[PDB]
2 protein chains.
Amino acid sequence: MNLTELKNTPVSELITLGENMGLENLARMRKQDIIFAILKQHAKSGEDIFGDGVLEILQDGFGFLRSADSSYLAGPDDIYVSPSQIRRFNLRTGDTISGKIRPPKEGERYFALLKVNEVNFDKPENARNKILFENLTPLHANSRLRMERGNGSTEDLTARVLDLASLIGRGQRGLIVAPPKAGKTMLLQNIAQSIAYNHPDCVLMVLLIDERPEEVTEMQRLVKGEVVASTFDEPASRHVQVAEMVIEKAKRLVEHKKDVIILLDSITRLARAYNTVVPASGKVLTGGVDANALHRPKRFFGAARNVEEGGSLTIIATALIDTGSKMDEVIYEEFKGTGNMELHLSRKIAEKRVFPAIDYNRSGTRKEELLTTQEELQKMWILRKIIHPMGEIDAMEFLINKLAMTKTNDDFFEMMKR
Amino acid sequence: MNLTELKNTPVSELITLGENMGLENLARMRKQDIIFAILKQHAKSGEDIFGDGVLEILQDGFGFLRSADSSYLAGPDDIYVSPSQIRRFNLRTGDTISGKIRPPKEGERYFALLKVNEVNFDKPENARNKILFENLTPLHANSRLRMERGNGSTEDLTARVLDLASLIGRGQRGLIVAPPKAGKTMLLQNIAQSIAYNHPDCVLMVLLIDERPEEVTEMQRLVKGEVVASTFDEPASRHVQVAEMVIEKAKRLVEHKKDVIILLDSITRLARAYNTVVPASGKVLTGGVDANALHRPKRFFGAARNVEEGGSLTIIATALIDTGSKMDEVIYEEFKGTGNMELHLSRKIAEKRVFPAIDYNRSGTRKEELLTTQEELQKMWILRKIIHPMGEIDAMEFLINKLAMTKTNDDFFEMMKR
Ligand SMILES: Nc1ncnc2c1ncn2[C@@H]1O[C@H](COP(=O)(O)OP(=O)(O)O)[C@@H](O)[C@H]1O
Ligand SMILES: Nc1ncnc2c1ncn2[C@@H]1O[C@H](COP(=O)(O)OP(=O)(O)O)[C@@H](O)[C@H]1O
Ligand SMILES: [Mg+2]
Ligand SMILES: [Mg+2]
């Protein structure tokens, strides 16, 4: 049987499956414990057992196949891979390994990988000869990711305003600058629907850091792609771990010429987690931010690029402002000019219960001429000139009215022309 | 007899009963000591002795049934539970066990459990087949907890303002941000009265950390549920132990499809106790707070959720500000955005002797559309639009003035519409 199918069943069915084959007292233990006990019980009978997971390599040399179902949390059901296997196949962290596994022997605590069947959704020989991510040439985004779905209404105005204000291309480095309760979470959710419906080919990953468990459940049940999260209950080490796990998996996928999109909420919380984890270097900036603490977060943000050889890595991360913590302000100030797309939300627009609370004038994209054609760019500059003189709330109200009058951004543009 | 009646008996009547049995020198020792002496003297007679308690499994394997009457304080009247019983009945910390108990034998210092009769207010065989707490998927609160009472005080008007300002649902994660002497204690008292009157089915728990003994007595004599408190003249380990017992018992009750509400005063004192207890990790934040120190309080505060499978855990904790202690502000900083509901008390409103001193414009609830109907939500949005331009002192003066002229919140909204 398969490990992923077991991890995808709810706890009740896992308990029933364990009980009807001989296991007992499975109800009160953790899901990973139930899965591990079921795996051992099935292995006692001797049938082939399959599994898969994203490889994480530890300092000692051996590695473990973490599962995205549990957001790459270490557990009894993790699959052990020996350094001999990590050297026989040239494997790095973030590699998606799928194959047969074997029960632990006397003196082993984890299931061990038996036969490698696929590496990064490809044969091991082909994945053996993939150029490393850092050897690829970054480029400006040139393939637009359209947000207008064309299937929804009465909230698709958010996607249409996104298309009017901030252009997202394959390989974009997007930063969403929003105060708390400004609508960033469901803005990301609507972006997720836009990406899933418009671009099924792109691999979509949603990364949540220090996020409430109920929102984690909503995001998981709501997004069609892969959602991994680390709640505020877990330590900053877990936030770090999931951050590198996601970024390494994305890099490995991009190495196979795949477009990978990562929605991050938030870069500020990840920066705080990194500041907590990394040792103090003796130089501490204002707000308690260690100077060296922001190196690793930026490396996460700087991985977003359009690869000339093939594929791309788009990263759209949210930045928190006006939260009352000056360390968040410092983190934002260190991440200001890093991204090439900016999307600003304002509390003033959100207070009047009018959404999306996008600050149209302060939002924009760099090198936007590559994403679209000349005439669409002319129409967008006409719209920019029209919107510019008037204030944030008036701009958003005007945009929402004119978009609600029409059905598509095109008809809105001819209506502006007329 | 049954131990619960003995522990709820006043000390004087306990002394008289023990003297009637034939004991002596009872008056001048601890209440637990008198209870233990009475239990031994009566068990010498030979008829059945009953007991109730909450299980706390020690690091050595065995456990102790504690009592909420003494706030789970270790004492001679604790019931001893062998690891064999923790294995035969699948038992965890926080389980409520009631059954026969037996006198200590030679070399035994505690009464020992003899026959397990009821676990978590259920038969032992049913309690072992309950899915563990963190195997249940969290959800947003959808069942509102009405604060407005049919009692009709008409001098306090706190529950009505709570309804007008911040909604509380089943599974809510609420945070009360208040300066000292602003009305925290009686705010929690009104919340507890509303919970007891409107929702008798919900299990109500009041958790007090570093609390003055007089207010512990007041809270016990006022709240109709369970009050477990730890005074400031006790070690931080005592506070931590009380918190773990309360949270584990709440989780075990939620596992039985029960709605459990915990009122905590305060999360700041609990964070200080955890910081004192936990070993230093080498990374100390501003204000002398260890990085890992806040990991365990969050696991408390993050345990609040609405369970899809049934039941919920609401936690309303008070956060303290303007105390002049950098530890307090930092604790507030890592607890700022972790709650669904926020309710802010203002010193300036309190010093005007107008109550409740709720900062209406800064208090609110996330996903409040899931707790009320569309019409009530529209009326509440209208009220927020009216109040938003006003200053918080003036806002509360206006709100109380308008509320006093009406009897119910619905009548208040109808008057506002007119
Ligand atoms: N595009 C939108 N349409 C309707 N309501 C919105 C929109 N954006 C935000 N809101 C409102 O804002 C509230 C909170 O938004 P949320 O996405 O949680 O922002 P944040 O993640 O910054 O807290 C929601 O209850 C929702 O009603
Ligand atoms: N809802 C209220 N109604 C009337 N008086 C209040 C109220 N809340 C606070 N007070 C006043 O505040 C004083 C103490 O409030 P308390 O509940 O001790 O606040 P805290 O717990 O923050 O010290 C009381 O003497 C009382 O006069
Ligand atoms: Mg959010
Ligand atoms: Mg008080």
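Numbers restart at 1 for each chain; the letters A, B, ... are given by sequence-line order, proteins then strands. Every heavy atom of this structure was used, including side-chain atoms; hydrogens, water molecules and symmetry mates were not.
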Practice task
Establish, for the pair B/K336 and B/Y332, whether the NZ or CZ atom is under 6.0 angstrom from the six-membered ring centre and no further than 45 degrees off its axis.
Solution key: yes
Exercise for the section: Give a yes or no on whether a salt bridge exists between A/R170 and A/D259, defined as a side-chain N under 4.0 angstrom from a carboxylate O. Expected result: yes
Practice task
May I ask you to decide if A/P213's main-chain N or O and A/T231's side chain share a donor-acceptor pair within less than 3.5 Å?
Solution key: no
Practice task
May I ask you to decide whether A/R66 forms a salt bridge with A/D77, counting only side-chain N to carboxylate O separations under 4.0 Å?
Solution key: no
Problem - Salt bridge flag under 4.0 Å for residues B/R296 and B/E244 - result: yes
Handout entry: Salt bridge B/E308-A/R221, side-chain N to carboxylate O under 4.0 Å
Key = yes
Handout entry: Salt-bridge criterion met for A/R272 and A/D328 (N-O under 4.0 Å)
Key = yes
Completion exercise
When rounded to the nearest 0.5 Å, the distance separating OG1 of A/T16 from CE of A/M21 is 10.0 Å
Problem - Pair A/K184 + A/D265: basic N to acidic O under 4.0 Å - result: no
Practice task
May I ask you to say whether B/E255 pairs ionically with A/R28, meaning some side-chain N is under 4.0 Å from a carboxylate O?
Solution key: yes
Exercise for the section: In plain terms, say whether B/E309 and B/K130 are close enough for a salt bridge, that is, a side-chain N and a carboxylate O under 4.0 Å apart. Expected result: no
Practice task
Taking atom CZ of A/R92 as the centre, report whether more than 12 heavy atoms of other residues, nucleotides or ligands fall under 6.0 Å from it.
Solution key: no
Handout entry: Within 6.0 Å of CZ in B/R299, more than 12 heavy atoms from elsewhere
Key = no
Handout entry: Ring centers of A/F36, A/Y110 separated by less than 6.0 Å
Key = no
Problem - Ring-ring centroid check A/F64 A/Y80, cutoff 6.0 Å - result: yes
Practice task
Show the numbers, then the answer: is there a side chain to side chain donor-acceptor pair (under 3.5 Å) between B/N306 and B/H140?
Solution key: CA-CA 6 Å; B/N306 177 25; B/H140 294 91; over 6 Å; no
Handout entry: Basic-acidic side-chain contact under 4.0 Å: A/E218, A/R212
Key = no
Problem - Carboxylate-amine/guanidinium proximity below 4.0 Å for B/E134 and B/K251 - result: no
Exercise for the section: Kindly compute the distance separating CD1 (A/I176) from CG (A/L264), expressed to the nearest 0.5 Å. Expected result: 9.5 Å
